[PDB]
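Undergrad: The structure that follows is given in the form of structure tokens.
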Amino acid sequence: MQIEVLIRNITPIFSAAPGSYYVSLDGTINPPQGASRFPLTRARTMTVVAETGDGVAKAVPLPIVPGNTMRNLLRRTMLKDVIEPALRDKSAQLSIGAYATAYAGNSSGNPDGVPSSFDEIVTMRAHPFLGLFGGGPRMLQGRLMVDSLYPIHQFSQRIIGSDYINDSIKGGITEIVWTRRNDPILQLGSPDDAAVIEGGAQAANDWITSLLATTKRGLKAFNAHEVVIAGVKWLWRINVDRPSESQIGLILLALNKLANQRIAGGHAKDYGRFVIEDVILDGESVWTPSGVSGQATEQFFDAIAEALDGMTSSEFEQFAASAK
Amino acid sequence: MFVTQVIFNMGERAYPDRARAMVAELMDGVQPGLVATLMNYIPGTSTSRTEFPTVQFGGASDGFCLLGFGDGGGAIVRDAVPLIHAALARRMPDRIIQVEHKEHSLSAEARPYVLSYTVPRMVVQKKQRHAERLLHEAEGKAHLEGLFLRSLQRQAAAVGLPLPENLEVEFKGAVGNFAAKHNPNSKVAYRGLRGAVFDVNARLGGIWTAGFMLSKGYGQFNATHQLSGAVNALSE
RNA sequence: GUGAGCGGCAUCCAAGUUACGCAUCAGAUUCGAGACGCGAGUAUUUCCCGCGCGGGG
């Protein structure tokens, strides 16, 4: 059962690509040596094949949010906003291992390595939450397929299709954001400011001498990081392998309450803020201005409510239990 | 190749001569080698060197500044500035001293036309007769151009920077004159020039020195910043 | 004129048939492009210095 979510971000998305890439001024990637050089944090990109109105296929980088990040975002949103209040209403406490397993798919770095009994397999897969994601010490295959957040772009036509060709963007959608780190030494101009500091101006000057002598690290740093520009429209594709009504209702509730969560990175700079523009369920739009609602979706919400009001921590503690 | 400039933010414009006197005064006795190196003294004696000084002082708008020339100048300023900073902190217990450390690359490339270069502080007064010779450009050009050329070549040789063999300079003039003294009670004074404009057919990168007797704080000028032409904002 | 002399190990033959590298994981947290470049000085002198000449306010 395919779910397509049309996501428009009102703040830049910042998913940092691992590695210390260096930039000069005026935004030249990997500049020639000799010029000024600064560490640049490149946004996460995936190379995809697309024809840019030429007819020949070529691989080009595309700034995306990795699918694992979106899967974890969905998991966390579901847990905080739906399941956790349900457990708190019944005053049921999760064990520490159960909490870790529900929040990261496993309670430790050592998988059990042995299979599961069939009754336990079906019990865990029928669960509204554990069935979707799975994991645990003994490995279990979840029902949830989460794809990466592909931006609607001329490079994404060969991937997402021509259904959303009306929202494509031609040019690049990434920009460099420059940041600093200023010492408190510059903003001291009078000892009156330093009335809160031990030893006063003498101690401050001693510290500044230490900084100039033996620290080099220091509290001065001019750096930059690449962000995906705001306002670009994204497509999120979610697939489920033969789910029950309760699981679909849970996913719909998470989508309803997803807007309260950031996508990735830039917590300090309010990065990752988005609004869900359109949700499509098996080729049919179920989104409303209020949210996921309508007669076509009432049964899922009823089923997920009936699952939530009568769920306990027993399933979680059994799932997190290891057979070693 | 590299020029290091360090500025101490004391909060008031102090003339370079008194600045050098006081920095000498603070380091009396402690670390004698640092004193001998910073004061440009022959090892074993307190006399100064006639040779071009690798230690440089200048009058910052907010205080006084130390300038090192070459690797030796850079090394001496590097191991010196913490000591002078500590001494200044010791003497001024209720003021924050701030240190600004910036390096300039030194480069001099030829150029088939001339550019407007000026300095706030020239030592041009040698004889009183030559002082009145400035009315006519022809009479006063010879010694001024000779001074500029010799100063440039000697500082280049001191820093080991290649210079073209075909430098010709013509003088334009200065804004006014000023008087300077060893001490406020001294009765001996010299005449300098402010805004001494001369045109050279080459590029001067970084901060530069012209004239002679520079350690006391004369003849320093940032030719690179002057090329930006920020001298327009001078009005009341 | 060596118990010598003379004398094909040769023909034919299938290593092939079946098997999922798969299941489960947030590149996250922190930091100012704003500060800095002589715009304030108020005129004749000595012991020694590089050495007639070049020099220390």
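So you can find residues: chains in the structure tokens are A, B, ... in the order shown, residues in each start at 1, and ligands are numbered from 1 in order.
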For chain B, which residues have at least one atom within 9 Å of chain C, if we go by only C-alpha atoms (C1' of nucleotides)? Write them as a ChimeraX atom specification, please.

TA: /B:13,15,17,47-51,58-61,100,120-121,178-183,187-191,213,216,220-222,225-226,234

Undergrad: Would you save the residues of that selection, restricted to N, CA, C and O atoms, as a short mmCIF file (atom, residue, chain, number, x, y, z; two decimals), in the first residue's frame?

TA:
```cif
data_model
loop_
_atom_site.label_atom_id
_atom_site.label_comp_id
_atom_site.auth_asym_id
_atom_site.auth_seq_id
_atom_site.Cartn_x
_atom_site.Cartn_y
_atom_site.Cartn_z
N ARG B 13 45.31 56.99 21.92
CA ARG B 13 46.36 57.16 20.92
C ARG B 13 47.64 57.64 21.60
O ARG B 13 47.72 58.78 22.06
N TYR B 15 51.75 58.29 21.20
CA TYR B 15 52.75 58.52 20.17
C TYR B 15 53.79 57.40 20.21
O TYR B 15 54.11 56.89 21.29
N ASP B 17 57.02 57.18 20.00
CA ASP B 17 58.26 57.36 20.75
C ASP B 17 58.06 57.05 22.23
O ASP B 17 58.83 56.27 22.82
N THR B 47 73.88 49.80 22.83
CA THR B 47 73.81 50.72 21.70
C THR B 47 72.91 50.15 20.60
O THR B 47 72.81 48.94 20.42
N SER B 48 72.26 51.05 19.88
CA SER B 48 71.39 50.66 18.78
C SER B 48 72.20 50.51 17.49
O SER B 48 73.33 50.99 17.38
N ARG B 49 71.60 49.83 16.52
CA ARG B 49 72.26 49.55 15.25
C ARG B 49 71.92 50.61 14.21
O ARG B 49 70.76 51.02 14.08
N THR B 50 72.94 51.04 13.46
CA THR B 50 72.71 51.93 12.33
C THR B 50 71.99 51.21 11.20
O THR B 50 71.25 51.83 10.43
N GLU B 51 72.17 49.89 11.10
CA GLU B 51 71.52 49.10 10.07
C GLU B 51 70.00 49.19 10.20
O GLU B 51 69.46 49.60 11.23
N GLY B 58 54.84 51.63 15.60
CA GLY B 58 53.96 52.51 14.86
C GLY B 58 52.84 53.02 15.74
O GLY B 58 52.50 52.42 16.76
N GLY B 59 52.26 54.14 15.31
CA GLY B 59 51.20 54.77 16.07
C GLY B 59 49.81 54.36 15.62
O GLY B 59 49.27 54.92 14.67
N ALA B 60 49.23 53.38 16.30
CA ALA B 60 47.87 52.98 16.00
C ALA B 60 46.89 54.06 16.43
O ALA B 60 47.18 54.87 17.32
N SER B 61 45.73 54.08 15.79
CA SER B 61 44.70 55.04 16.18
C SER B 61 44.20 54.78 17.59
O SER B 61 43.81 55.71 18.29
N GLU B 100 45.81 42.41 18.75
CA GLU B 100 45.37 42.07 17.41
C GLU B 100 46.58 41.64 16.60
O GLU B 100 47.57 42.38 16.51
N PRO B 120 51.66 59.14 5.96
CA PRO B 120 51.46 60.19 6.97
C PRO B 120 52.73 60.70 7.63
O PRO B 120 52.69 61.81 8.19
N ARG B 121 53.85 59.96 7.61
CA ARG B 121 55.01 60.34 8.43
C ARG B 121 56.31 60.13 7.66
O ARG B 121 56.85 59.02 7.64
N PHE B 178 54.69 69.07 10.92
CA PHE B 178 54.45 68.82 12.33
C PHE B 178 55.77 68.78 13.07
O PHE B 178 56.84 68.63 12.47
N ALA B 179 55.69 68.92 14.39
CA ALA B 179 56.85 68.94 15.27
C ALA B 179 56.81 67.74 16.21
O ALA B 179 55.73 67.35 16.67
N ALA B 180 57.97 67.16 16.48
CA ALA B 180 58.06 66.01 17.37
C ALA B 180 59.30 66.15 18.25
O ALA B 180 60.32 66.68 17.82
N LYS B 181 59.20 65.64 19.48
CA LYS B 181 60.23 65.83 20.49
C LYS B 181 60.53 64.50 21.17
O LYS B 181 59.69 63.60 21.20
N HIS B 182 61.75 64.39 21.71
CA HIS B 182 62.11 63.20 22.47
C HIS B 182 61.23 63.04 23.70
O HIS B 182 60.68 61.96 23.96
N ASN B 183 61.09 64.10 24.48
CA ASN B 183 60.28 64.12 25.68
C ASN B 183 59.49 65.42 25.70
O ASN B 183 59.86 66.38 25.03
N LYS B 187 63.63 70.47 24.24
CA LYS B 187 63.60 71.65 23.39
C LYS B 187 64.10 71.37 21.98
O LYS B 187 64.25 72.30 21.19
N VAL B 188 64.35 70.10 21.64
CA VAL B 188 64.82 69.71 20.32
C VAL B 188 63.65 69.10 19.56
O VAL B 188 62.96 68.21 20.07
N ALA B 189 63.42 69.58 18.34
CA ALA B 189 62.30 69.12 17.53
C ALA B 189 62.73 68.99 16.08
O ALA B 189 63.68 69.63 15.62
N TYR B 190 62.02 68.13 15.35
CA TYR B 190 62.24 67.89 13.94
C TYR B 190 60.95 68.13 13.17
O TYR B 190 59.86 68.16 13.74
N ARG B 191 61.08 68.29 11.85
CA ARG B 191 59.95 68.53 10.97
C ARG B 191 59.69 67.31 10.11
O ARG B 191 60.62 66.74 9.52
N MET B 213 65.31 56.07 9.99
CA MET B 213 65.00 56.21 11.42
C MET B 213 63.53 55.86 11.65
O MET B 213 62.66 56.70 11.86
N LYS B 216 61.62 54.43 15.86
CA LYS B 216 60.88 55.34 16.72
C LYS B 216 59.45 55.58 16.24
O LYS B 216 58.67 56.19 16.97
N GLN B 220 56.29 54.44 8.41
CA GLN B 220 55.44 53.28 8.16
C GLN B 220 54.18 53.67 7.42
O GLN B 220 53.57 54.71 7.70
N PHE B 221 53.77 52.83 6.48
CA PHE B 221 52.56 53.09 5.70
C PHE B 221 52.05 51.79 5.10
O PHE B 221 52.85 50.96 4.65
N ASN B 222 50.73 51.63 5.10
CA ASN B 222 50.09 50.47 4.47
C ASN B 222 49.74 50.86 3.04
O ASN B 222 48.69 51.44 2.77
N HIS B 225 46.40 49.10 1.77
CA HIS B 225 45.13 49.70 2.16
C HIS B 225 44.90 51.04 1.47
O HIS B 225 43.74 51.42 1.23
N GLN B 226 45.97 51.76 1.14
CA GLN B 226 45.82 53.03 0.44
C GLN B 226 45.28 52.84 -0.97
O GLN B 226 44.53 53.69 -1.46
N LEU B 234 37.17 62.15 4.89
CA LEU B 234 37.95 63.07 5.73
C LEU B 234 37.27 64.44 5.65
O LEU B 234 37.59 65.25 4.77
#
```

Undergrad: Write out as a PyMOL selection string the residues lying within 12 Å of residue 199 of chain A, counting only C-alpha atoms (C1' of nucleotides) and excluding same-chain residues fewer than 6 positions away.

TA: (chain A and resi 191+205-207) or (chain B and resi 93-94)

Undergrad: Excluding residue 25 of chain C and residues on its chain fewer than 3 positions from it, collect all residues at most 10 Å away from it, counting only C-alpha atoms (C1' of nucleotides), and give them as a PDB file with C-alpha atoms, in the first residue's frame.

TA:
```
ATOM      1  CA  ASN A  68      17.040   6.083   7.255  1.00  0.00           C
ATOM      2  CA  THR A  69      16.675   9.587   8.697  1.00  0.00           C
ATOM      3  CA  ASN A  72      13.732   7.242  12.298  1.00  0.00           C
ATOM      4  CA  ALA A 104      16.534   2.178  18.043  1.00  0.00           C
ATOM      5  CA  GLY A 105      15.393  -1.288  16.934  1.00  0.00           C
ATOM      6  CA  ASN A 106      17.675  -3.172  19.331  1.00  0.00           C
ATOM      7  CA  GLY A 135      14.347  -5.304  14.896  1.00  0.00           C
TER       8      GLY A 135
END
```

Undergrad: Output as a list in words all residues of segment 214-274 of chain A that backbone DSSP marks as alpha helix (DSSP H).

TA: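 The residues of segment 214-274 of chain A classed as alpha helix (DSSP H) are residues 245, 246, 247, 248, 249, 250, 251, 252, 253, 254, 255 and 256 of chain A.
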
Undergrad: Using only C-alpha atoms, please write the residues we just selected to a file, as a short mmCIF file (atom, residue, chain, number, x, y, z; two decimals), in the first residue's frame.

TA:
```cif
data_model
loop_
_atom_site.label_atom_id
_atom_site.label_comp_id
_atom_site.auth_asym_id
_atom_site.auth_seq_id
_atom_site.Cartn_x
_atom_site.Cartn_y
_atom_site.Cartn_z
CA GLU A 245 -6.06 -1.53 9.57
CA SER A 246 -4.45 -0.55 12.88
CA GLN A 247 -1.00 -0.10 11.35
CA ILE A 248 -2.37 2.07 8.54
CA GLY A 249 -4.22 4.18 11.09
CA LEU A 250 -1.05 4.53 13.15
CA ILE A 251 0.91 5.68 10.09
CA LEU A 252 -1.84 8.18 9.24
CA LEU A 253 -1.81 9.53 12.80
CA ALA A 254 1.97 9.90 12.67
CA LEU A 255 1.61 11.79 9.39
CA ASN A 256 -0.99 14.02 11.05
#
```

Undergrad: I'd like the contact shell of segment 86-89 of chain B - 8 Å cut-off, only C-alpha atoms (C1' of nucleotides), skipping same-chain residues fewer than 3 positions apart - returned as a PDB file with N, CA, C and O atoms, in the first residue's frame.

TA:
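Okay, out25.pdb is ready:
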```pdb
ATOM      1  N   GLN A 202      42.938  41.345  35.454  1.00  0.00           N
ATOM      2  CA  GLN A 202      44.204  40.629  35.548  1.00  0.00           C
ATOM      3  C   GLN A 202      44.037  39.171  35.139  1.00  0.00           C
ATOM      4  O   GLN A 202      44.813  38.644  34.333  1.00  0.00           O
ATOM      5  N   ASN A 205      43.351  38.924  31.349  1.00  0.00           N
ATOM      6  CA  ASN A 205      44.568  39.069  30.560  1.00  0.00           C
ATOM      7  C   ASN A 205      45.454  37.838  30.688  1.00  0.00           C
ATOM      8  O   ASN A 205      46.099  37.429  29.717  1.00  0.00           O
ATOM      9  N   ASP A 206      45.500  37.232  31.875  1.00  0.00           N
ATOM     10  CA  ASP A 206      46.243  35.986  32.024  1.00  0.00           C
ATOM     11  C   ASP A 206      45.667  34.900  31.125  1.00  0.00           C
ATOM     12  O   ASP A 206      46.411  34.164  30.461  1.00  0.00           O
ATOM     13  N   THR A 209      46.602  35.585  27.538  1.00  0.00           N
ATOM     14  CA  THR A 209      47.990  35.204  27.296  1.00  0.00           C
ATOM     15  C   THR A 209      48.117  33.699  27.137  1.00  0.00           C
ATOM     16  O   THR A 209      48.854  33.218  26.268  1.00  0.00           O
TER      17      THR A 209
ATOM     18  N   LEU B  26      59.163  48.912  30.946  1.00  0.00           N
ATOM     19  CA  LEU B  26      58.478  47.818  31.629  1.00  0.00           C
ATOM     20  C   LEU B  26      59.353  46.574  31.733  1.00  0.00           C
ATOM     21  O   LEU B  26      59.305  45.859  32.739  1.00  0.00           O
ATOM     22  N   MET B  27      60.156  46.293  30.707  1.00  0.00           N
ATOM     23  CA  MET B  27      60.946  45.068  30.676  1.00  0.00           C
ATOM     24  C   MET B  27      62.346  45.255  31.250  1.00  0.00           C
ATOM     25  O   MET B  27      63.266  44.513  30.886  1.00  0.00           O
ATOM     26  N   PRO B  82      53.653  38.019  24.309  1.00  0.00           N
ATOM     27  CA  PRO B  82      53.111  37.627  25.622  1.00  0.00           C
ATOM     28  C   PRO B  82      53.784  38.345  26.777  1.00  0.00           C
ATOM     29  O   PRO B  82      53.119  38.701  27.757  1.00  0.00           O
ATOM     30  N   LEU B  83      55.090  38.593  26.676  1.00  0.00           N
ATOM     31  CA  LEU B  83      55.810  39.231  27.774  1.00  0.00           C
ATOM     32  C   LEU B  83      55.391  40.688  27.935  1.00  0.00           C
ATOM     33  O   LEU B  83      55.106  41.144  29.050  1.00  0.00           O
ATOM     34  N   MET B  92      48.934  48.286  34.352  1.00  0.00           N
ATOM     35  CA  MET B  92      47.588  48.848  34.266  1.00  0.00           C
ATOM     36  C   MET B  92      46.598  47.840  34.833  1.00  0.00           C
ATOM     37  O   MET B  92      46.009  47.051  34.082  1.00  0.00           O
ATOM     38  N   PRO B  93      46.370  47.829  36.149  1.00  0.00           N
ATOM     39  CA  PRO B  93      45.542  46.766  36.736  1.00  0.00           C
ATOM     40  C   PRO B  93      44.060  46.886  36.427  1.00  0.00           C
ATOM     41  O   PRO B  93      43.342  45.889  36.564  1.00  0.00           O
ATOM     42  N   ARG B  95      42.526  48.067  33.443  1.00  0.00           N
ATOM     43  CA  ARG B  95      42.207  48.217  32.031  1.00  0.00           C
ATOM     44  C   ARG B  95      42.521  46.920  31.304  1.00  0.00           C
ATOM     45  O   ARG B  95      43.534  46.274  31.581  1.00  0.00           O
ATOM     46  N   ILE B  96      41.649  46.548  30.375  1.00  0.00           N
ATOM     47  CA  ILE B  96      41.843  45.355  29.563  1.00  0.00           C
ATOM     48  C   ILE B  96      42.666  45.732  28.341  1.00  0.00           C
ATOM     49  O   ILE B  96      42.275  46.609  27.563  1.00  0.00           O
ATOM     50  N   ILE B  97      43.805  45.071  28.170  1.00  0.00           N
ATOM     51  CA  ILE B  97      44.642  45.236  26.990  1.00  0.00           C
ATOM     52  C   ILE B  97      44.276  44.148  25.989  1.00  0.00           C
ATOM     53  O   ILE B  97      44.156  42.970  26.349  1.00  0.00           O
TER      54      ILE B  97
END
```

Undergrad: With only C-alpha atoms (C1' of nucleotides) considered, list every residue of chain A at most 8 Å from chain C, as a list in words.

TA: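 On the chain A side, the interface is residues 15, 16, 17, 18, 68, 69, 70, 72, 73, 104, 105, 106, 134, 135, 136, 139, 140, 141, 179, 180, 181, 182, 264 and 265 of chain A.
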
Undergrad: Identify all residues of segment 82-208 of chain B in strand (DSSP E) (DSSP on the backbone) and supply them as number ranges by chain.

TA: B: 98-105, 107-119, 122-123, 169-173, 176-181, 189-194, 196-205, 207-208

Undergrad: Please measure the separation of atom CA of residue 138 of chain A and atom CA of residue 71 of chain A, giving the value in Å to one decimal.

TA: 20.3 Å
